[PDB]
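A lone chain, given as structure tokens: the form deposited without uridine-5'-diphosphate.
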């Protein structure tokens, strides 16, 4: 169908940020065009997920629903970081899709657990990921895919609108507010509140983001402070200073039990498990 210059793709939501990064909503993209563009580059997407202790129990639904909805037709490499390799379920995968289990060590105190995601993605992004995938996507495991999540999200760097804050003014954002923390954002600043549970971009940009947040968290620990929302607080500070080249709408990170299904979401793509 021909794009219509004189009709907004959405009349109810913002579809591009003030720095001209697309905000990804249903009705903003033609997947057939995007699929072709990314297939021509033989794109491989790494998907990282942490499944520690009891969270191992979420892997089966997470993987089965990813097989149905995530980057279907594209090459995918799942990277499961777990303290229990044997507990990873054997989910059957479509062609061009593979999974690796990465064993997580002790931790060994709670500020170390808080830094584990940034530290381990940073470390693996610099070894394995750089030779294996084009893009890396980091999500939480206690989640299921319900609808399409595809190459429309792919870009050098992206974050996702936190479902609790997308209608909020910046004063209500739960940014780190203590100037003693590396994640400090003043009251007058902030574009959006991004959720720590869904971010990514090219391997190089994710290398940079995770190294930065891990290095900043280490500075915080040394000064005896922990940001109010841990690596999410640092993710926010990073994306304030290095603006994402796309932002995902809350279609991409929702909780229907807590937040229902408002009219502004035409699709619920990836949701918290109740």
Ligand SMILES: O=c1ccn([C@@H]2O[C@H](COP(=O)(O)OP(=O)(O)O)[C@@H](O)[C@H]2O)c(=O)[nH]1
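Positions refer to the first chain, counted from 1. Rigid core: the largest C-alpha set superposing within 1.5 Å between the two forms.
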After fitting on the rigid core, which stretch moves more in 4 other deposited structures of this protein, 68-76 or 125-133, going by C-alpha RMS?
125-133
Decide, for the other PDB entries of this protein that were compared, whether residue 108 is missing from at least a third of their models.
yes
Can you tell me whether 221-229 has a higher mean C-alpha B factor than 43-51 in this record, or the other way round?
221-229
According to the deposited model, is the average Cα temperature factor higher in 92-100 or in 79-87?
79-87
Highest Cα temperature factor in the entry, among the options 195, 121, 153, 130: which one is it?
130
Comparing C-alpha B-factors across 140, 144, 188, 147 in this entry, the winner is 188
Going by the entry, which third of its chain does the Cα temperature factor of residue 162 land in?
middle
Once the chain's modelled residues are ordered by C-alpha B factor and cut into thirds, is residue 113 in the lowest, middle or highest one?
highest
When the deposited Cα B-factors of this chain's modelled residues are ordered and cut into thirds, is residue 203 in the lowest, the middle or the highest one?
middle
Please place residue 65 in the lowest, middle or highest third of its chain by C-alpha B factor as given in the entry.
lowest
Is the Cα B-factor recorded for residue 267 in the lowest, middle or highest third of its chain?
middle
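Omitted here: the form deposited with uridine-5'-diphosphate bound. The next part is about that form.
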Heavy atoms within 4.5 Å of uridine-5'-diphosphate in the deposited bound form: which stretch among 241-249, 207-215, 35-43, 48-56?
48-56
142, 191, 147, 132: which sits within 4.5 Å of uridine-5'-diphosphate in the deposited bound form by any heavy atom?
142
